[PDB]
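Visitor: One structure, pasted below without further comment.
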6 protein chains.
Amino acid sequence: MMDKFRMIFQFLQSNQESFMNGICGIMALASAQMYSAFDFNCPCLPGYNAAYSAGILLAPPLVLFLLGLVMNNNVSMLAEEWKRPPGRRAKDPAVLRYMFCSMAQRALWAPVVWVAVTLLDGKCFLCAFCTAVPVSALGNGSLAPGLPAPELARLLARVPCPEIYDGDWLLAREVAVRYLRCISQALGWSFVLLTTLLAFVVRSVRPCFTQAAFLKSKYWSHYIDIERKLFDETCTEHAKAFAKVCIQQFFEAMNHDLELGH
Amino acid sequence: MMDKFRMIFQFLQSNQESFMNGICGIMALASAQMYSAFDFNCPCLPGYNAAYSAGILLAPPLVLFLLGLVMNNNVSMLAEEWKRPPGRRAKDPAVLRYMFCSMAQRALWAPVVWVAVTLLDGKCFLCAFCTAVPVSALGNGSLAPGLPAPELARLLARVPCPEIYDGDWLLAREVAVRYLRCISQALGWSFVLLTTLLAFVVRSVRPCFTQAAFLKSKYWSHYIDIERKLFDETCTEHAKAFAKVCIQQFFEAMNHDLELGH
Amino acid sequence: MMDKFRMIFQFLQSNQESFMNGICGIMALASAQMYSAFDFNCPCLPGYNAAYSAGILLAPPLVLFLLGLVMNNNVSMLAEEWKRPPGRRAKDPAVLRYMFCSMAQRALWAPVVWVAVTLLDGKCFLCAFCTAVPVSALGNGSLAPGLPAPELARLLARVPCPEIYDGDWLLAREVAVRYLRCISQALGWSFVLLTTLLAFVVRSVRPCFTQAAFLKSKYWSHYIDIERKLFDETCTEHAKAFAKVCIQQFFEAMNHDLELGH
Amino acid sequence: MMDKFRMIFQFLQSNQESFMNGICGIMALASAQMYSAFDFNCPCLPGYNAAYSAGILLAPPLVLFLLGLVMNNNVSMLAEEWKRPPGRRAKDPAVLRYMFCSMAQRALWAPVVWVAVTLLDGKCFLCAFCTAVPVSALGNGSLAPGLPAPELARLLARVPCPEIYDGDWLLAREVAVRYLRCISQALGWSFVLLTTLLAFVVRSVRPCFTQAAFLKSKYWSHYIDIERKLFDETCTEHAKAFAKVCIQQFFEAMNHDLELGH
Amino acid sequence: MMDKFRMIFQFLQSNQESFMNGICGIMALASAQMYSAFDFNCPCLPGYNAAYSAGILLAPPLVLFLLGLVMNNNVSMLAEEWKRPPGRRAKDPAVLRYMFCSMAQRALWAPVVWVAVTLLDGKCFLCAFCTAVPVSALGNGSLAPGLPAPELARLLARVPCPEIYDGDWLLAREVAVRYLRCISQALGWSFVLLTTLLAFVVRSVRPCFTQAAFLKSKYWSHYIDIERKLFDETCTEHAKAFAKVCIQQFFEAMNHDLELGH
Amino acid sequence: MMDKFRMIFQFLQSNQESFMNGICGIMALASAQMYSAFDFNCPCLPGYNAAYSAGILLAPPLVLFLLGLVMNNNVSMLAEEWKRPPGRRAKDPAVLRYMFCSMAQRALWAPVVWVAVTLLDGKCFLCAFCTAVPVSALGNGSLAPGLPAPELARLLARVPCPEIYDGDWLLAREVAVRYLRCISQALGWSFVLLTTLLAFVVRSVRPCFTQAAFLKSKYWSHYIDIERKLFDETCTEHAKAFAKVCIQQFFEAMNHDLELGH
């Protein structure tokens, strides 16, 4: 099971060449790996499955999203100037609208890798649709020998839980699995395809790439840096002149000498 | 079992990019790992469980909290100036109230990771509510064949202790477990979700972020640095002039020469 | 199974000598390895195979292609100046046609390694043509003992799925496999041969290598570098003169002194 | 068993950020690990246990304490000036009392980690109170079938020694253990809690933190450094002028030439 | 199986001392290792073998050859000036003939290591001549008990495929193998001997080592370096004077000020 | 089997202190290790052995010898000036005879380590003299019960091939082996002794150590270095003045401007 995460492990061990997305690589690479040690096991009960599996395609994604906004050091400047009234805003809506949108496209790198990499291994999908398999399809001389609706859902639904499987009635194990891990791995490619193709279009066309506001932004965020870095200079400077008055008082103020004079 | 902690192990091995929270990463990453080598095993007795399990969601958290306050080098300055009377305080309540509050939000990074990572593996929860499972639910032709209340609590309660399990009466093992590790992993996400969302709000709104007092603080804590660093200069300086009087006395004072003169 | 990817692992660990193709080595080396942890298992059903196997020779290639264009920092400049009308284009079609073509030949290094390295191991090919093997050829006293067409496709088609194989009727297992992994490894060489030989011709002849436009290009792309790098200078410069007016106001504006004066 | 010590192993491997306590980390981290390779096995005899177990909560702690005082380079200066008569002491009792007390709180970091980490694994506690377990409690249809007092102590007392356990009479093995490793791990938390909370109070209040004597101390210990470092200068200086008289005598004193002159 | 390639692995890990051949060591060392992970398994059918084995002594060699020419940065200069007409060639045939020949003797280091290291392990040779072994030689009381020609080729030919071997008729397994891995390892030495001895003669005698043309060559290839390296200087220089006119326009052109003036 | 080569592996990993022999350590250390992965297995047939074993004490040595001459960068200078006529030789026979002899004593470090390290493990010797063992010596109640000459050579000769050994007739296995690995390891020491002792004599006496010609040599080989290193200076110098005439033509020659002028 180490394969899905040990890969980025040496890849992390490989080099130190990246960007903000590589800074996102600090987190989401763990998201490529955090799946590995976090186990998965479904109740194999009659109706809980379709509830439970939807838990592991919506919450842990949404967590990794919101942990992207708070993680970067900008939201206050947008949060601060939004709550204030219009007019008083020292920034145009344009620089707001852009700079707000350039937070999403750096956050979305985690919650798409953690929807691929829990489809390609199918576990998330297996416990979610096993209740409705066409049992007549490849059923070893099938025909549903008088089987009812209840007490068959409790027959099908165990399929992922291996050692507690009921038996050969209208199914083997290795044909009900290994046919739901096929359909799953079809979505996993026909999903990641559509997303990356939609990564094309975005850059390639447009949405708030105006040469005007891009300039004002990068100027501004560059300006906050020099402000913080420079304020410390005046403090340490202005403080240095102030310590000399007091520290000297400790000297010449205990005994004006040492008793250890030989 | 190495997975839960070997992950941060290479992640620790990964790089050296962090902050005070990464300084908290020095500790709490161990808290992500300290769970790994510290075993867990419940008494599997009739009433001790619900006592014992609450031991491992309140004490070891609270320890990691208080080890956060004492660990950082500020509490004296707050502790010193609080015990003194008002008026004599060389600092406003504002700089107190802020600087005191900026100790919590750096300490709380340990005691939330050690409440998630002992819910997602369910062991802490399993030995805490096994005494009340609905045995009729998925009970293999159930009906409670005349079973009493006592001598059934001692029947259910063994469920986590594997090799000492009684038997198939109104239960298998792999259906009483693997249904309490489902409910547990639901809290683990619906908890970590709520917390991180509440990490949003805090930064995003406010609570003592006033531009006034933030300034006075960082100036002040910057000032203590130069004071300590500069005091050593005068000492080593003032001492250097003093050693010359005595060290010379050792010379010219033993024999004023060596007998080894050839 | 680590062999196919652990090789580039130490090879990655080997040194840091490469180029843009070695920059492509950042990705496609993973493509040499990403096959390793991504499992493969075919439905072993009557007609799905020839559908499913074609999934793993066209989609995951095409993904690695489009992830090559978006990955490099040029497509905007081509995308921007293409949507505009002719005439307004500040660049000749020649520099366009070349610079556009020099994106393909840096992208095609991934989608040819991931068509070799899923033929040489034959798994992709095995589940794709097992339905039509000449069963009379090496069939252990063959003759098709009255076997029909249906209920034989479901007999042949299981061949890759080992533990669920039907039996010795007109076949053993280790002669239906180990004869489709021969034919496969013949394409894998007679393919990679043809491609590399076609890598010869390209460089060796020509296609838009004109000394004129190559010059204008590398000049231009060199020019964008100095523009971005130099703009930051004026900002940090022009900003530095501006901070001094405000930062001084914080000083001399809180109390014009400290109450901690002893 | 490597877990309890392999953790600090990579943690030691982690970084090199610490202080005098981290210098104590040089030793006590081994004390976190020295437990690992030093085995434990109790006599499983009738009365020796309660003797023997008390051996491994008092001696190996007390050793790690005294190895803390001697390890640091100060005790002579306190030991030297204590044996002398009062009055002649070149230092006030205050600087003595403080500087003596600042040896304990750097030594106590070892003998509290080696009392936690041999309670949380319970082995030290198991062989110490097995002689008195309430056998009627969870005793598999108990009632003490005429069992005497002697020849039952020799029945209970074997409980930790696994392969030499007598048998099922009024006990199984996995219920007499796994109920004494519960009670133990309760002290281990309710102990480490109380200690760390008492680490709060100490810093937070007081005990010889007077601004007067703290100054004189750190000045003094700073002074011993420059004295030792500077004495070597005069020696190597004063010696250099002295060697020239003799070393020249070796030259011009063997033959005033070489016979190898060609 | 790691031995054949893990050797160069630490040898690669050993040091970084080599030349263009060591640059070829970048590739062919993989060719010493690429054999390791690329499996081998022959059809064990009547006539395909002698076809199939010849596949793995001619194609994968020839690939590693052509990947040597394209890999080095010279073929264009030869390819460019060859297609042109004679007379216009700015270079003598001598510098052509030499410089063209000094491409082969740097490429031939891969396709001789991959013909040795797939003879010394004999697998390539075993599946190629098993159809004609003298069965009477060491045949355990032989005599060919009426065996025909067909239905014996299908008897011999299975010999490499271990678990599907027919049986003891006129052969054991461990005497038909372990006599074709002897004859093979004889060629492997009597081949590598002849080649290295022919490496002697080449250097030691001659073939286009003329002092005249060697000079003109190394001068020329040295000249292309300074040309490329120096062209970038004029560009970045000539561009720097050009950016100042436009970048200033962005300034003073948005608002000529900031609205954030307090 | 890793022991014979894993030793030099960490020894190689040990340090980087050596000379030309250590440069030979680059190769022959592999020769100490190349034995490890190159298998050995003898035909166990009646007469081929004494042929085959002599293959692995003469060819692979002789290869490592000739790979020593060609490997070092001197043979041309000797090869060039030997083919020429006497008189024209710019070097005395003395400097020739010495410099030629100082190639052997740097090459002979490989072909003596690969004759020791395939005697001390005896495999090379076992398959070479098993055909003539005194079977009466330690033969478990021997006497040769009417055994003929043929059909006994095929009885003895299998001895190294373990699983195909015939049986107990006049021999066990573990007494025919483990008496030919004794005699072998006697030569291995009484050989390496004689060689190293002959390494004494050589240095210690003489053979072309004349102070005259040693001087002329090391001067000469020192001179070739400065010649090659210095020639590149004039080229890059003389070329730099030449590029400026042409590179400027590319500028001012495409359009004398850019159309992108805004």
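So you can find residues: chains in the structure tokens are A, B, ... in the order shown, residues in each start at 1, and ligands are numbered from 1 in order.
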Quick one: pick out all helix (DSSP H, G or I) residues within stretch 4-236 of chain B from a backbone DSSP run and write them as a PyMOL selection string.

Guide: chain B and resi 4-14+20-37+48-55+59-69+75-83+93-107+113-116+123-129+153-156+180-205+211-236

Visitor: Can you check which residues of chain D have any atom within 6 Å of chain B? Use only C-alpha atoms and format it as a list in words.

Guide: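 Every residue of chain D that passes the 6 Å test is in residues 3, 4, 178, 179, 193 and 204 of chain D.
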
Visitor: Would you export the selected residues with C-alpha atoms as an mmCIF file, in the first residue's frame, please?

Guide:
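Wrote selection_8.cif, looks like this:
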```cif
data_model
loop_
_atom_site.group_PDB
_atom_site.id
_atom_site.type_symbol
_atom_site.label_atom_id
_atom_site.label_comp_id
_atom_site.auth_asym_id
_atom_site.auth_seq_id
_atom_site.Cartn_x
_atom_site.Cartn_y
_atom_site.Cartn_z
ATOM 1 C CA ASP D 3 9.235 2.093 19.080
ATOM 2 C CA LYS D 4 9.860 3.663 22.493
ATOM 3 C CA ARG D 178 -4.786 -6.619 30.761
ATOM 4 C CA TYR D 179 -6.334 -5.469 33.996
ATOM 5 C CA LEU D 193 -0.128 15.544 34.483
ATOM 6 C CA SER D 204 5.261 31.292 36.898
#
```

Visitor: In Å to one decimal, how far is atom CA of residue A:171 from atom CA of residue C:123?

Guide: 26.3 Å

Visitor: Just give me the gap between atom CA of residue F:102 and atom CA of residue F:214 in Å, one decimal is fine.

Guide: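 Distance reported for this atom pair: 10.6 Å.
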
Visitor: Using only C-alpha atoms, can you tell me which of E:99, E:174, E:118, E:220 comes closest to residue F:158?

Guide: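 Nearest to residue F:158: E:174.
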
Visitor: If we count only C-alpha atoms and set the cut-off at 8 Å, which residues sit around residue C:116, ignoring sequence neighbours fewer than 4 positions away in its own chain? Please answer as JSON, numbers by chain.

Guide: {"C": [112, 120, 188, 191, 192]}

Visitor: At a cut-off of 12 Å, using only C-alpha atoms, what residues contact residue A:27? Leave out same-chain residues fewer than 5 positions from it and give the result as a PDB file with N, CA and C atoms, in the first residue's frame.

Guide:
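Full text of around_15.pdb as output:
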```pdb
ATOM      1  N   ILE A   8       5.751   9.792  -4.184  1.00  0.00           N
ATOM      2  CA  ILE A   8       6.042  11.189  -3.899  1.00  0.00           C
ATOM      3  C   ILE A   8       7.093  11.318  -2.803  1.00  0.00           C
ATOM      4  N   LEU A  12       9.543  13.719  -3.414  1.00  0.00           N
ATOM      5  CA  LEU A  12       9.902  14.749  -2.451  1.00  0.00           C
ATOM      6  C   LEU A  12      11.395  14.704  -2.161  1.00  0.00           C
ATOM      7  N   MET A  20       4.685  28.169  -5.854  1.00  0.00           N
ATOM      8  CA  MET A  20       3.535  28.201  -4.955  1.00  0.00           C
ATOM      9  C   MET A  20       2.723  26.914  -5.050  1.00  0.00           C
ATOM     10  N   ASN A  21       2.518  26.418  -6.275  1.00  0.00           N
ATOM     11  CA  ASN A  21       1.960  25.080  -6.444  1.00  0.00           C
ATOM     12  C   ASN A  21       2.854  24.027  -5.802  1.00  0.00           C
ATOM     13  N   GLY A  22       4.174  24.169  -5.945  1.00  0.00           N
ATOM     14  CA  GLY A  22       5.081  23.323  -5.189  1.00  0.00           C
ATOM     15  C   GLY A  22       4.995  23.594  -3.702  1.00  0.00           C
ATOM     16  N   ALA A  32      -1.740  13.299  -1.425  1.00  0.00           N
ATOM     17  CA  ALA A  32      -1.501  12.095  -2.209  1.00  0.00           C
ATOM     18  C   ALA A  32      -1.086  10.935  -1.317  1.00  0.00           C
ATOM     19  N   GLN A  33      -0.592  11.234  -0.118  1.00  0.00           N
ATOM     20  CA  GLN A  33      -0.037  10.199   0.742  1.00  0.00           C
ATOM     21  C   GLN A  33      -0.934   9.936   1.943  1.00  0.00           C
ATOM     22  N   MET A  34      -1.593  10.984   2.453  1.00  0.00           N
ATOM     23  CA  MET A  34      -2.469  10.855   3.616  1.00  0.00           C
ATOM     24  C   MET A  34      -3.533   9.788   3.402  1.00  0.00           C
ATOM     25  N   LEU A  64      -9.541  19.924   2.684  1.00  0.00           N
ATOM     26  CA  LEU A  64      -8.288  20.320   2.053  1.00  0.00           C
ATOM     27  C   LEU A  64      -8.438  21.623   1.282  1.00  0.00           C
ATOM     28  N   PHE A  65      -9.661  21.970   0.891  1.00  0.00           N
ATOM     29  CA  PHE A  65      -9.876  23.258   0.249  1.00  0.00           C
ATOM     30  C   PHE A  65      -9.696  24.394   1.239  1.00  0.00           C
ATOM     31  N   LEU A  67      -8.376  24.505   4.018  1.00  0.00           N
ATOM     32  CA  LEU A  67      -7.033  24.578   4.572  1.00  0.00           C
ATOM     33  C   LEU A  67      -6.072  25.215   3.581  1.00  0.00           C
ATOM     34  N   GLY A  68      -6.541  25.504   2.370  1.00  0.00           N
ATOM     35  CA  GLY A  68      -5.708  26.220   1.424  1.00  0.00           C
ATOM     36  C   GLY A  68      -5.844  27.724   1.552  1.00  0.00           C
ATOM     37  N   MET A  71      -4.218  28.937   4.774  1.00  0.00           N
ATOM     38  CA  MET A  71      -2.791  28.652   4.840  1.00  0.00           C
ATOM     39  C   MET A  71      -1.961  29.789   4.259  1.00  0.00           C
ATOM     40  N   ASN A  72      -2.489  30.505   3.272  1.00  0.00           N
ATOM     41  CA  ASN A  72      -1.699  31.565   2.663  1.00  0.00           C
ATOM     42  C   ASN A  72      -1.998  32.913   3.309  1.00  0.00           C
ATOM     43  N   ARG A 106      -4.965  28.579  -6.744  1.00  0.00           N
ATOM     44  CA  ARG A 106      -3.831  27.986  -6.053  1.00  0.00           C
ATOM     45  C   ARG A 106      -4.301  27.002  -4.995  1.00  0.00           C
ATOM     46  N   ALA A 107      -5.585  27.047  -4.649  1.00  0.00           N
ATOM     47  CA  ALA A 107      -6.110  26.126  -3.650  1.00  0.00           C
ATOM     48  C   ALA A 107      -6.631  24.852  -4.297  1.00  0.00           C
ATOM     49  N   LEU A 108      -7.138  24.956  -5.524  1.00  0.00           N
ATOM     50  CA  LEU A 108      -7.784  23.824  -6.175  1.00  0.00           C
ATOM     51  C   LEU A 108      -6.820  22.710  -6.560  1.00  0.00           C
ATOM     52  N   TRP A 109      -5.536  22.811  -6.219  1.00  0.00           N
ATOM     53  CA  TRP A 109      -4.612  21.750  -6.597  1.00  0.00           C
ATOM     54  C   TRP A 109      -4.681  20.583  -5.626  1.00  0.00           C
ATOM     55  N   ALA A 110      -5.159  20.818  -4.411  1.00  0.00           N
ATOM     56  CA  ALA A 110      -5.372  19.706  -3.493  1.00  0.00           C
ATOM     57  C   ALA A 110      -6.679  18.966  -3.734  1.00  0.00           C
ATOM     58  N   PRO A 111      -7.825  19.621  -3.868  1.00  0.00           N
ATOM     59  CA  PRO A 111      -9.085  18.870  -3.912  1.00  0.00           C
ATOM     60  C   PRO A 111      -9.417  18.280  -5.262  1.00  0.00           C
ATOM     61  N   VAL A 113      -6.687  16.233  -6.678  1.00  0.00           N
ATOM     62  CA  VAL A 113      -5.834  15.062  -6.552  1.00  0.00           C
ATOM     63  C   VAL A 113      -6.438  14.083  -5.557  1.00  0.00           C
ATOM     64  N   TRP A 114      -7.262  14.573  -4.632  1.00  0.00           N
ATOM     65  CA  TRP A 114      -7.857  13.661  -3.666  1.00  0.00           C
ATOM     66  C   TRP A 114      -9.251  13.253  -4.096  1.00  0.00           C
TER      67      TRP A 114
ATOM     68  N   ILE B   8       4.983  11.704   8.966  1.00  0.00           N
ATOM     69  CA  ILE B   8       5.647  12.926   9.395  1.00  0.00           C
ATOM     70  C   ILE B   8       7.149  12.714   9.539  1.00  0.00           C
ATOM     71  N   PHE B  11       8.346  13.423   6.293  1.00  0.00           N
ATOM     72  CA  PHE B  11       7.914  14.813   6.183  1.00  0.00           C
ATOM     73  C   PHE B  11       8.796  15.720   7.028  1.00  0.00           C
ATOM     74  N   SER B  14      11.664  15.744   5.199  1.00  0.00           N
ATOM     75  CA  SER B  14      11.475  16.431   3.930  1.00  0.00           C
ATOM     76  C   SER B  14      12.248  17.739   3.841  1.00  0.00           C
TER      77      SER B  14
END
```

Visitor: Could you tell me how far atom CA of residue E:134 sits from atom CA of residue F:126, in Å to one decimal place?

Guide: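 Atom-to-atom, atom CA of residue F:126 to atom CA of residue E:134, that is 26.3 Å.
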
Visitor: Which neighbours of residue F:95 fall inside 10 Å, counting only C-alpha atoms, when residues of the same chain fewer than 2 positions from it are skipped, and could you give them as a count of residues only?

Guide: 17
